[PDB]
Amino acid sequence: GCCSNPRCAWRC
């Protein structure tokens, strides 16, 4: 996904 990467905390 993207929250699966710590650069995407804000939204997934």
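Residue numbering for chain A follows Swiss-Prot, covering 5-16 in order.
For all residues, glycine too, the Cβ spot is worked out from N, Cα and C.
These come from Swiss-Prot:
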- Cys6-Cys16: disulfide bond (DISULFID)
- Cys6-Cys12: disulfide bond (DISULFID)
- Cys7-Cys16: disulfide bond (DISULFID)
- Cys7-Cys12: disulfide bond (DISULFID)
- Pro10: site 'Important for binding to human alpha-7 nAChR' (SITE)
- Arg11: site 'Important for binding to human alpha-7 nAChR' (SITE)
- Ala13: site 'Important for binding to human alpha-7 nAChR' (SITE)
- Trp14: site 'Important for binding to human alpha-7 nAChR' (SITE)
- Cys16: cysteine amide (MOD_RES)
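A separation of roughly 8 Å, to the nearest angstrom, links the Cα atoms of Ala13 (site 'Important for binding to human alpha-7 nAChR') and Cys6 (disulfide bond). The local packing around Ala13 (site 'Important for binding to human alpha-7 nAChR'), expressed as other Cβ atoms within 10 Å of its Cβ over all shown chains, amounts to 9. For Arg11 (site 'Important for binding to human alpha-7 nAChR'), the Cβ neighbour count at a 10 Å cut-off comes to 7, with all displayed protein chains included.
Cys12 (disulfide bond) sits 6 Å from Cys6 (disulfide bond), taking the Cα positions as reference. Under DSSP, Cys16 (disulfide bond) is assigned to coil, being neither helix nor strand in the three-state scheme.
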